[PDB]
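J.: Handing you this structure, nothing more for now.
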Amino acid sequence: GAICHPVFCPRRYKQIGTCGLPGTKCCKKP
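Reminder that position 22 of the sequence shown reads as 22 in the authors' numbering, one-by-one numbering, no gaps.
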């Protein structure tokens, strides 16, 4: 697993447990 609970393409990482929508407009490096 690369993110907590992704639904699109969040740039954030599992190592901090983002568990949300940190930047739907970004989509850069999921």
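Think of the CB as a built atom: it goes at the ideal place given N, C-alpha and C, for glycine as much as any other residue.
(1) Quick one: what does DSSP say residue 14 is sitting in, helix, strand or coil?
(2) Excluding the five sequence neighbours on either side, which residues of its own chain have a C-beta within less than 7 angstroms of the C-beta of residue 14, listed in chain order?
(3) Should residue 30 be labelled buried (16 or more other beta-carbon atoms within 10 Å of its own) or exposed?
(4) CA-CA distance, residue 6 and residue 21?
T.: So, from the listed chains and residues:
(1) Here the question's residue 14 lines up with position 14 in the sequence shown. Here residue 14 sits in helix by DSSP.
(2) If you number the sequence shown from 1, residue 14 lands on position 14. Taking C-beta separations shorter than 7 angstroms and ignoring five residues to either side along the sequence, the partners of residue 14 in its chain run 1, 2, 3, 4, following chain order.
(3) Working through the sequence shown from its first residue, we reach residue 30 at position 30. By the neighbour-count criterion, in which 16 or more other beta carbons inside 10 Å mark a residue as buried, residue 30 falls on the exposed side.
(4) Residue numbering aside, residue 6 sits at position 6 when the sequence shown is read from its first letter. Residue numbering aside, residue 21 sits at position 21 when the sequence shown is read from its first letter. Taking the CA atoms as reference points, residue 6 sits about 8 angstroms from residue 21.
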